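Bear in mind these aren't lab numbers, they're just calculated from the coordinates by the rules spelled out. Note that each Cβ is placed from the backbone with ideal geometry, even for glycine, and that neighbours are counted across all protein chains shown.
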Amino acid sequence: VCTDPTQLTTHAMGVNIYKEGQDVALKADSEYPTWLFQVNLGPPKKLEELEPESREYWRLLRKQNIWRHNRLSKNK
Amino acid sequence: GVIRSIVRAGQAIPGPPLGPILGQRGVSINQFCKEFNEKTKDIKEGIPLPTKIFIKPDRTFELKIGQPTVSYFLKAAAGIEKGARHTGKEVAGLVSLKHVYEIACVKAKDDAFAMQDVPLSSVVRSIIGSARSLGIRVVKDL
Amino acid sequence: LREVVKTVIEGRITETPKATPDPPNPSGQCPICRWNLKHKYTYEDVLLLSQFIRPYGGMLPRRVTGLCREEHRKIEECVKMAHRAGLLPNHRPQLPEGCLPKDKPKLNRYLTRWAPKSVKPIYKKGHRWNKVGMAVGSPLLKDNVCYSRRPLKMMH
Amino acid sequence: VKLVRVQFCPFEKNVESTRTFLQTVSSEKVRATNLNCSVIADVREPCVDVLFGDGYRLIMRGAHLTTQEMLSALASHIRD
Amino acid sequence: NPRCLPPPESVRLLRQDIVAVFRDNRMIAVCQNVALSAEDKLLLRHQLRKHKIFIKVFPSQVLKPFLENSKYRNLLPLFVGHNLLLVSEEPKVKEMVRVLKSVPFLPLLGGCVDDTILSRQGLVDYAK
RNA sequence: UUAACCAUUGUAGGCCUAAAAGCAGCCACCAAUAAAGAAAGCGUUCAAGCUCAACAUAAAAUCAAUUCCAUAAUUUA
Ligand code: FES
């Protein structure tokens, strides 16, 4: 398989590693839609990072609500 | 009963992890591997694949499979076969933006794995979270 | 109040007893306080008790009655005292299929806090400063108005 | 139970008891348990009809019946 | 005593999500959910995509307040109980009807054509 | 808060672990879904699989009053 940093960063070696799928070259960054590279690359959205009016804010807060009960449940 | 396994397609009879476990509920082991082998031919051999086999009381097989694991692929992409003891802070490989995104596009093709989300932010978190589970740091560029 | 008639079954909502108009104490959140009966009823006032009791002597749920827990415990205790005292002849227990009373004599009781069945005998009464006390009444009814010079003695 | 028929009219006043009981009847787990049953839902006071092979016809109306009684009545009936 | 005394929106976002979808869709076909799994609901959403309808749903305990703070206040009878919400912006009666045909056991209450209370049979008759 | 119901998918995530998948250890600790704990007690050849928490919440119930030895008794200011 690929063992070159230049080829690793300039050719899609990880997109397909099957036999039917041959390593495809990387198109230019502009050749893909902006949302492809605008996806969240940072750490998981915290309660501060999350918008109070975002669904993930409540869903992760709901997950946090489960955490506190679980911590209580573990001690029982 | 839905049984989740990650057995590699290359080996259709791993033995203890599948053979007797499915047999304990009562099934034909040879039948399971043949249907699993059908998936093996379509898919690349030697790569772990999540399965959603349902063992019904009627002794029938309902084998459902999806795209190969990103977690092991990230281990392979990072050149890691056996990771660090903890992996919470131990890191042996770095994954850039582009490698992260090519695979995410491929992932958004299966019914299982909740891969029907319109935003791709759903895909990144699972692989980013998977990378955090592994001994890998997803750095922006190296 | 829904009653089921019975295979095909039919349930009809029937007329439910209505509270008499013009409560003596309007603005009362609880029915007992609405009638200024907070501390002036006793187990002897069976007429009030029957309203909150099942046809066979069972307790009605607090939610349906809507009265406060304090009176619920008081009312439940009063009914138990009346039932154990044989003061509710029309709310006697339902005999399972065809059973009949044991036919042994029934001792006359009143002000019974606990079931006579589950109360053990007191063999040793005790000396001057070791006298055993006999419980009479219930703590739930402590707040009831007393017309005696000194507060009523719970322990006899 | 060979067949279970549930009929209610949403356009007219629809009683909650029958609809809540209907959801339990039209449940994947419940349907599998009473596999013999043929689940038919009629949508247009509400009337629920349950048919047994032995000739017992059990019809339930939720207007004056709580869902608890309906579930209990069928549960005993299904056991037979 | 206090019981004897004289008589003396957390969820906020979920308004916007529900407000957006319903405002978009004039007629809502209401069918009770048969204890369906989350993955199946996504699959049914794509099944409605064949019908050009969307399964956009959220906790139904906030669905009742939706009318309290939204364009309309009179659709409460439609959203009674825990039910799948078929939200359609176009008067494609046939597409809505065949959604019922997909699952026979699952019941379709009806469709509020032009946000007007109606039954399944009424929906088809009026939609025609 | 906790009385009643329900419980999908990523991922068996990496870790010496044969294998440990929430639940041997060990990790960091996120996503999708309307709602899911990278897990809380269970189950654990290992897991499937039981529930508790997820979505829904019901509806209850700040401490007391060697052989017994007067007999008894809760309401008239
Ligand atoms: S008498 Fe008023 S609280 Fe019950």
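One table, with the values for the structure above:
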item	result
Most to least packed among B:10-20, C:12-22 [average Cβ atoms within 10 Å]	B:10-20, C:12-22
Protection-proxy order for peptides C:62-68, A:1-7, each taking the mean of Cβ atoms within 10 Å per residue, highest first	C:62-68, A:1-7
Centre separation in Å (Cα based) which lies between the range E:4-73 and the range C:108-137	63 Å
Sites excluded, GluC sites (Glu not before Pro) in DSSP loops with at most 16 other C-beta within 10 Å, longest stretch of chain B	B:91-142
Mean-position separation - Cα centroids, the range A:14-74 and the range B:94-142, in angstrom	7 Å
Nearest-0.05 FRET efficiency for C:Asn25 and C:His156, computed from C-beta distance (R0 30 Å)	0.30
Diffusion constant of chain B at 25 °C, which comes from Stokes-Einstein with the Kirkwood Cα-pair radius and 0.890 mPa s, µm²/s	148 µm²/s
DSSP-assigned coil residues among trypsin sites (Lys or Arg not before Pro) in the range B:18-97, each with at most 10 further Cβ atoms within 10 Å	B:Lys82, B:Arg85, B:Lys89
For chain E: rounded, prolate or oblate by the Cα gyration tensor [a/c cutoff 1.5]	prolate
Förster radius 25 Å - calculated FRET efficiency between C:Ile122 and C:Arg54 (Cβ-Cβ, nearest 0.05)	0.15
Unpartnered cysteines - no second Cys beta carbon under 4.7 Å - across chain E	E:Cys31, E:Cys112
Likely footprinting exposure, E:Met27, D:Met60, fewest C-beta neighbours within 10 Å first	E:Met27, D:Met60
Pair B:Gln116, C:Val132: separation of 7 Å Cα→Cβ label points (nm)	7.5 nm
Tensor-based shape of the protein assembly as shown (alpha-carbon gyration tensor, a/c under 1.5 rounded, otherwise prolate or oblate)	prolate
Hydrodynamic radius (Kirkwood) for chain A, which is based on Cα pairs only, to one decimal in Å	16.7 Å
Peptide E:28-35 - average C-beta neighbours from other chains (10 Å radius)	3
Label point distance in nm, A:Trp35-A:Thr6, each placed 7 Å from Cα along Cα→Cβ	3.6 nm
Coil-residue chymotrypsin sites (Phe, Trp or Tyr not before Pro) of the range A:1-73, DSSP, other Cβ within 10 Å capped at 12	A:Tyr18
Shielding by other protein chains, E:104-116, mean Cβ within 10 Å	4
FRET efficiency, 1/(1 + (r/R0)^6) with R0 22 Å, evaluated for A:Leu61 and E:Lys64 via beta carbons	0.50
Free-standing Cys, chain C [no other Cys Cβ under 4.7 Å]	C:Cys78, C:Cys99, C:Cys146
Residue-averaged beta-carbon neighbours from other chains (10 angstrom radius) around D:8-16	5
